Protein chains: 4
Amino acid sequence: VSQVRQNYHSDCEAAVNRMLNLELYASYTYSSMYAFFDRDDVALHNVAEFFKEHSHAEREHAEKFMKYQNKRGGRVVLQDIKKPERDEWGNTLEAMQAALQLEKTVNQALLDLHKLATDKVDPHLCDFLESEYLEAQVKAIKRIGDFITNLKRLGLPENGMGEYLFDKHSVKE
Amino acid sequence: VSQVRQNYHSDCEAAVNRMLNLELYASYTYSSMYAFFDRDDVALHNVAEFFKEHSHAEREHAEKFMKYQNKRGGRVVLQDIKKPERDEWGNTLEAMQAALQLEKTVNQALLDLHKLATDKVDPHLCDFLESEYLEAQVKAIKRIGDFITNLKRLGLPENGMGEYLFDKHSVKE
Amino acid sequence: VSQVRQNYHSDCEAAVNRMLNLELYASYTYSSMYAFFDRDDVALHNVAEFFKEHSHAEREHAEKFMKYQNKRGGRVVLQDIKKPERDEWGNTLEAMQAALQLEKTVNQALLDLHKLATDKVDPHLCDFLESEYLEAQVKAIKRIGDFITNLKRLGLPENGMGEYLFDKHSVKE
Amino acid sequence: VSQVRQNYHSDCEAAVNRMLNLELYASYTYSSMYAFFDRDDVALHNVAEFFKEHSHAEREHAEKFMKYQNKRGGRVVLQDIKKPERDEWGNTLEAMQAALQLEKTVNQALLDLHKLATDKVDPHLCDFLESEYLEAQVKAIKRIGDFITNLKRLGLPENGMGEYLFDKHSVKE
Ligand SMILES: [Cl-]
Ligand SMILES: [Cl-]
Ligand SMILES: [Cl-]
Ligand SMILES: [Cl-]
Ligand SMILES: [Cl-]
Ligand SMILES: [Cl-]
Ligand SMILES: [Cl-]
Ligand SMILES: [Cl-]
Ligand SMILES: [Cl-]
Ligand SMILES: [Cl-]
Ligand SMILES: [Cl-]
Ligand SMILES: [Cl-]
Ligand SMILES: [Cl-]
Ligand SMILES: [Cl-]
Ligand SMILES: [Cl-]
Ligand SMILES: [Cl-]
Ligand SMILES: [Cl-]
Ligand SMILES: [Cl-]
Ligand SMILES: [Cl-]
Ligand SMILES: [Cl-]
Ligand SMILES: [Cl-]
Ligand SMILES: [Cl-]
Ligand SMILES: [Cl-]
Ligand SMILES: [Cl-]
Ligand SMILES: [Cl-]
Ligand SMILES: [Cl-]
Ligand SMILES: [Cl-]
Ligand SMILES: [Cl-]
Ligand SMILES: [Cl-]
Ligand SMILES: [Cl-]
Ligand SMILES: [Cl-]
Ligand SMILES: [Cl-]
Ligand SMILES: [Cl-]
Ligand SMILES: [Cl-]
Ligand SMILES: [Cl-]
Ligand SMILES: [Cl-]
Ligand SMILES: [Cl-]
Ligand SMILES: [Cl-]
Ligand SMILES: [Cl-]
Ligand SMILES: [Cl-]
Ligand SMILES: [Cl-]
Ligand SMILES: [Cl-]
Ligand SMILES: [Cl-]
Ligand SMILES: [Cl-]
Ligand SMILES: [Cl-]
Ligand SMILES: [Cl-]
Ligand SMILES: [Cl-]
Ligand SMILES: [Cl-]
Ligand SMILES: [Cl-]
Ligand SMILES: [Cl-]
Ligand SMILES: [Cl-]
Ligand SMILES: [Cl-]
Ligand SMILES: [Cl-]
Ligand SMILES: [Cl-]
Ligand SMILES: [Fe+2]
Ligand SMILES: [Fe+2]
Ligand SMILES: [Fe+2]
Ligand SMILES: [Fe+2]
Ligand SMILES: [Fe+2]
Ligand SMILES: [Fe+2]
Ligand SMILES: [Fe+2]
Ligand SMILES: [Fe+2]
Ligand SMILES: [Fe+2]
Ligand SMILES: [Fe+2]
Ligand SMILES: [Mg+2]
Ligand SMILES: [Mg+2]
Ligand SMILES: [Mg+2]
Ligand SMILES: [Mg+2]
Ligand SMILES: [Mg+2]
Ligand SMILES: [Mg+2]
Ligand SMILES: [Mg+2]
Ligand SMILES: [Mg+2]
Ligand SMILES: [Mg+2]
Ligand SMILES: [Mg+2]
Ligand SMILES: [Mg+2]
Ligand SMILES: [Mg+2]
Ligand SMILES: [Mg+2]
Ligand SMILES: [Mg+2]
Ligand SMILES: [Mg+2]
Ligand SMILES: [Mg+2]
Ligand SMILES: [Mg+2]
Ligand SMILES: [Mg+2]
Ligand SMILES: [Mg+2]
Ligand SMILES: [Mg+2]
Ligand SMILES: [Mg+2]
Ligand SMILES: [Mg+2]
Ligand SMILES: [Mg+2]
Ligand SMILES: [Mg+2]
Ligand SMILES: [Mg+2]
Ligand SMILES: [Mg+2]
Ligand SMILES: [Mg+2]
């Protein structure tokens, strides 16, 4: 037993490792989206940069779980980071729809971990999730949903002018 | 009788209380418009913020009537603030059309109060309305009318690209 | 279903709308207290300003619930804002006693909403209440209680000199 | 006829001269109050300074009527400035009560002049009164009324401690 460990269930330790992996998986998916929108035959650079930044944020989320694991006396156990589900992402609308679903998948895993922490009477882990993850996730989901609404309004997928306008006026330039 | 009261007719006092209520009603309607445009399935945030700011301005108009009532020695009497006429506002054009009509309703009440003040030979109340309300109202009506003209030019309600462009280029970002 | 909605029970959505209304009701009550203490025959302007500021804070609390509702994919539904229970507030002690009871009523509604969120296993809503409302409410209740103790010490309601001194030395000038 | 005169009735010209005199009379009354509160056996120096400043304001009001008369092509005609009604002013409450009545007397004369200007269809004179006099008068009346309420609360005339406290905490130090 680690000398620091106190009130930290094995099941929570394992679930933190699985969360770590999911954040890295999300990072990798966003990096694929970045590379897609940077292609010369796609060429939506503000969209590309939105996804690149989101890829970096997900890696930071993973690193924070590594630090957490060690603070509690658990042990980081890594697994392969699976490649993203697609090699090409269609257009801004398809990518944003995939991002929404990814963020909801990550959110569900965070909520499931919170429920496990509750069941194991681990208020430190509950606080960590509430203070560092759950609100960021709700904000990200709302932002992407708002974008999808605007992309539909702009006539995606068919309306290329609408897609251009979104890249120039909705995503940080 | 209040020790400060001079040349202040009971009818004017009552009409100031009714005006106070109407300004609060207008504030509440604009707050509903804010919440509508902030929905994830509407997502026109500059439009939402335009209405939020207008909601705050109307509350300030109400507070100025409270202060006025007390300065003249009248007594503030509050009534329920009725909920807005609609729960959802359609789109930017429908909302702006409703805002125009609301501003004209408020303007008519201000003009009616000015006429009452004239009839009761109350130049202080006439000056207050002319100096603090009537020009602001004309300016607001002109601004909203100009917006409606532009929304129609942009093809509202059908043209979603036009609606997007209005949010990005006509309302403060 | 809203595209953003996840783990948000209909009962919580409805209870957030009812909370929104209660915050607006509290705002309106404080605005009535402001207007009362600004009367020429009351004339306790620091007390009046204390209540005016509290009225603005309550409106901010309501607006934060509107934003929350939309972030979760719920729908803001507004109801009439009922007028305050009294048209005149007696004196500083009576008003502060009414404010204490109002703050405790709002606190109880917040606690009830937290219990509902707990029952529906909604940690995001629990965090929101704990981080944005519950401590502010405890602080406000303590402040008003401290004021009541001092008003009683100063001989309210009978001791007008005590009431004057409170306005000049306990409330921000 | 003055080369500048246009739309300026003889009756209004005369009434402006009478107003000029009344403002000077009010100034002189306030100067008497200043001297009273500066007596060694009264010795309420913040109260004294309040009245001294008000004396200067009234003289400025008179000078503005002189300038107005000349701008319109009327002719300033001066009369004796009558001494104040009392040689001694009792205490802060009695003085403030006299000041309230004086301000209401001046207000009534301003309102009467506005009515004359209205009857003679003189919008420039109406604007001048509304823009330069009527609101200042309402503000002054409200301020003095608020003071009287506080002096009564403080137990004037009997409560000398209350009178001391008013001088130290209600009037600019
Ligand atoms: Cl342990
Ligand atoms: Cl334990
Ligand atoms: Cl264990
Ligand atoms: Cl593991
Ligand atoms: Cl694997
Ligand atoms: Cl996918
Ligand atoms: Cl693919
Ligand atoms: Cl997914
Ligand atoms: Cl889990
Ligand atoms: Cl726990
Ligand atoms: Cl967070
Ligand atoms: Cl957006
Ligand atoms: Cl957008
Ligand atoms: Cl009257
Ligand atoms: Cl009159
Ligand atoms: Cl009347
Ligand atoms: Cl009324
Ligand atoms: Cl009603
Ligand atoms: Cl409507
Ligand atoms: Cl509706
Ligand atoms: Cl209307
Ligand atoms: Cl009216
Ligand atoms: Cl008039
Ligand atoms: Cl105006
Ligand atoms: Cl325009
Ligand atoms: Cl453009
Ligand atoms: Cl425009
Ligand atoms: Cl749900
Ligand atoms: Cl869940
Ligand atoms: Cl549900
Ligand atoms: Cl509801
Ligand atoms: Cl109702
Ligand atoms: Cl009550
Ligand atoms: Cl009452
Ligand atoms: Cl209550
Ligand atoms: Cl509840
Ligand atoms: Cl929970
Ligand atoms: Cl809080
Ligand atoms: Cl205290
Ligand atoms: Cl003191
Ligand atoms: Cl205190
Ligand atoms: Cl003439
Ligand atoms: Cl003419
Ligand atoms: Cl003439
Ligand atoms: Cl003359
Ligand atoms: Cl004479
Ligand atoms: Cl006298
Ligand atoms: Cl005398
Ligand atoms: Cl008099
Ligand atoms: Cl006259
Ligand atoms: Cl005229
Ligand atoms: Cl003025
Ligand atoms: Cl005062
Ligand atoms: Cl005072
Ligand atoms: Fe993440
Ligand atoms: Fe994420
Ligand atoms: Fe208004
Ligand atoms: Fe308005
Ligand atoms: Fe543009
Ligand atoms: Fe509140
Ligand atoms: Fe509160
Ligand atoms: Fe003091
Ligand atoms: Fe004057
Ligand atoms: Fe005066
Ligand atoms: Mg060891
Ligand atoms: Mg284990
Ligand atoms: Mg996994
Ligand atoms: Mg594989
Ligand atoms: Mg629990
Ligand atoms: Mg937080
Ligand atoms: Mg946003
Ligand atoms: Mg009275
Ligand atoms: Mg009446
Ligand atoms: Mg009405
Ligand atoms: Mg109804
Ligand atoms: Mg103006
Ligand atoms: Mg313009
Ligand atoms: Mg949908
Ligand atoms: Mg429902
Ligand atoms: Mg309720
Ligand atoms: Mg009722
Ligand atoms: Mg806190
Ligand atoms: Mg304290
Ligand atoms: Mg000549
Ligand atoms: Mg003449
Ligand atoms: Mg005279
Ligand atoms: Mg004489
Ligand atoms: Mg006029
Ligand atoms: Mg004017
Ligand atoms: Mg003015
Ligand atoms: Mg004041």
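Using Swiss-Prot numbers, chain D covers 2-174, in order.
If you check the header, you will see the structure was determined by X-ray crystallography, 1.2 Å.
Quick reminder: no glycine exception, Cβ is built from N, Cα and C everywhere.
Among D:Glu24, D:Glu86, D:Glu89, D:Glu95, only D:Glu24 appears in Swiss-Prot as part of the Fe cation 1 site alongside D:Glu59, D:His62. Using a 10 Å Cβ-Cβ cutoff, D:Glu24 (Fe cation 1 binding site) registers 24 neighbours.
A simple way to gauge crowding: the CB of D:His62 (Fe cation 1 binding site) has 22 other CB atoms within 10 angstroms, across all the protein chains here.
Counting only same-chain residues six or more apart in sequence, the Cβ atoms lying under 8 angstroms from the Cβ of D:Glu59 (Fe cation 1 binding site) belong to D:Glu24, D:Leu25, D:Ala27, D:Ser28, D:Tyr31.
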